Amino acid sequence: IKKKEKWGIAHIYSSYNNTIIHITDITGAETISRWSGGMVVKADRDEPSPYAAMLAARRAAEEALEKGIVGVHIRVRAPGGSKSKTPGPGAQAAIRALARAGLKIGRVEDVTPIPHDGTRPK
């Protein structure tokens, strides 16, 4: 029997002002690592930057690996406009940074939240 590995979930949030990478275990009850753009960069104006997203993802991935996480499934929240739907390069940049740090990448799902109740659009 050849089988191994411990997998987590990387919750990735791309907002207007920032990026968050929150890594949990598969159950989602335990927090493995939590990093945002605001934690890795000095200036407010650089917090939304995809470079900051990559750096935060790098820190998160390192922390997760040291705690024994071999790979992660990704759950992405990447809001974009209603006119032009532009999520931005940030979430993808974060995912790539997770891979480059040595994490395996599993399923990638876009869970981007849609506010609802009131009138219902199509």
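Residues carry their position along the shown sequence, with the first being 1.
Higher mean CA temperature factor, per the PDB entry, when comparing 79 to 87 with 40 to 48: 79 to 87. As listed in the deposited structure, the average C-alpha B-factor of 51 to 59 and of 25 to 33 is greater for 25 to 33. Ranked by C-alpha B-factor against the other modelled residues of its chain, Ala94 falls in the lowest third.
Ranked by Cα temperature factor within the chain, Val72 sits in the middle third according to the deposited record.
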